[PDB]
Structure formats: structure tokens, C-alpha cells
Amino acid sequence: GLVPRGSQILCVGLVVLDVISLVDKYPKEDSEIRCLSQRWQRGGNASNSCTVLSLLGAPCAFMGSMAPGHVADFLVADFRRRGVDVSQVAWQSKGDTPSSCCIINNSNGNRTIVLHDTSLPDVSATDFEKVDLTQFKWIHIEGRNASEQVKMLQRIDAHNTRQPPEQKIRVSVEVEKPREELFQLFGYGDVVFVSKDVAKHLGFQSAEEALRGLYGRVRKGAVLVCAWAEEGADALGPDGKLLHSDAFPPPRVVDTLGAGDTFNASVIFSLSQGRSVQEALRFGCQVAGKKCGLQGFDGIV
């Protein structure tokens, strides 16, 4: 159906079916064990951020690769249950829709993960070339196939060149995985999110160190953002002024899975509403904190 021009927030990235099993003891190889509880959850960074944007009251869309089948069916029904627009999915003829299997041991909190395979082709620059960008006010790209995503980012830049400042599509990039190919993505977007994990891998021992160490890698005018879990989040822009927000931890932590994606979606949302970077940092920390005391995404607002 009709989507008003410059009304949606697009998130480009991964969707995965997460099968979480909670066990009394880790299974011995070649055995059958009854788990205590099992959950099927739609995951992925871009995927999780869409859930949060819908719950925040933002019209949003997901762009990512899926293969026709029963896994895709579950994921599409889950996206739709969360009011996520799924018209821009890159339907693939080869490969499996990603599925991960998580075994959580009760006696110690240990997590064993059998990650999805590599068979599914990622969204390409040619796939993205075919997208009418006019319905999007904001485009968020989760760093994966960087050389392709760079061409996608060059296409949004080309678009904005022909646009009055109010019809300009805002852009954000996420560098969450400590893979060198992704570090070229720092030079793209108005907002650049860098994970604690990536920063630590580059030798940075704090969000301040990471922002001061990596700011020279961003495009002119860009805002570099780094959330450091329960130590709050920092942002740094062209004025050279480091901004900080403390974390808003819940009275009891229940579920941290997707807290970072809650932060990213909330920062994007607050900025898209015309709020300052300081206000967006505080808001992202508040929503992220609220999420940590909740199972899943229900009740974050």
C-alpha cells in the first residue's frame, strides 16, 4: 500500500530465526535431552531495531535477504506482528534464511551458539539500486558486505545532492562486528554507531578513547556514537564536544539481548524527531535500560 513520501525509517541488515533452548545441563554429544523452556525469536541487528522503531511509534521498513520457505514465513509473520513494513526484502533463489540455535545452561548461565550458515547472499548494491528512496526520511545500514554497502551509501548521497535540505534522507551506519572490511563505513553517514566490542578490538578501553581515536575516520559533520553497556553512552560531533549519558539500569536485569539495537533505534528515532544529540543519547540509554528489565521488546514504551 501507499507510503507517504519521507515518512519511513529504513533498516538494512540481517534477520535471523533464533531458537533459544534453556537446559538443566549441557548436552553430551549423541544424546537426547529435554529442555526446560524453548523460544523462537526473530533476531538480527537491523531486524531488532525495526521492532523498537515500530513500538516507538515510527513507520519503519526492513531491507534484508530472505529465501522463500517456512523460516521466512515465521520471520515475516513476526515482522508483521511488530508492524514492520517488509515490501523491500531481497528474496533470494539460493541459500537458507538464517537460523541460529542457542543453548543456555541453567546451572551457570553459559551460552553455546550454533550460528546460521553463510549460504544466503547479502543485499547487493544492484538490489538497493532498484529501491525508490522517496518514502524514506532515514536509512540505517548494519555493516555487513561493506564494499556493496559503500555503493548503497554513494547512491543516498547522489539522491540528497538533488534534494532541498528538508527532503534530505538522513543516514546512519553501524560497525558492530570487529571485521576490518567494515572500517571503511566510518567515512559514510550522518550518524555512525561503533560497538564496545569493535572499539575494544581496536585497543580502546572506553567510549571516550574510541570516539577521540576514531573521529578522524568519519565524514565532515558526522556524529560518532559509542554505547559502553552499563557505563552509558557517548557521542561526538563536529563541535569536538564529547557528550555523555549515564545508563538507566533496571531494578533487576531480565533480558539484555537486543539492548544495543534498542539504543541504536532510540537514538535514530529521537534524532529523526528533531531532538539534539544530547537528548538522543539520554533517550537511547533510557529505552535500552527499560528493555534490560523486560523479556523481549514488549513494554519498552
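In this text, the rigid core denotes the largest set of C-alpha atoms whose superposition between the two forms falls within 1.5 Å. In case it trips you up, residue 1 is the first one in the sequence shown, and so on.
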Core-superposed comparison in 8 other deposited structures of this protein: bigger Cα RMS shift among 34-42 and 238-246 is in 34-42
Could you check whether 23-31 or 256-264 drifts more from the shown form in 8 other deposited structures of this protein, using RMS Cα distance once the core is superposed?
23-31
The stretch whose C-alpha atoms carry the larger average B-factor in the entry, 103-111 or 127-135, is 103-111
Between 25-33 and 229-237 (mean CA B-factor, as deposited), the higher:
25-33
Candidate set 44, 251, 64, 59 [ranked by C-alpha B-factor, highest]:
251
Third assignment of residue 83 from its chain's C-alpha B-factors:
lowest
Residue 147: which third of its chain by C-alpha temperature factor?
highest
Quick one: classify residue 180 as lowest, middle or highest third of the chain based on its Cα B-factor.
highest
Residue 191 by Cα B-factor - lowest, middle or highest third of the modelled chain:
lowest
Check where residue 257 lands among this chain's C-alpha B-factors and tell me if it's the lowest, middle or highest third.
highest
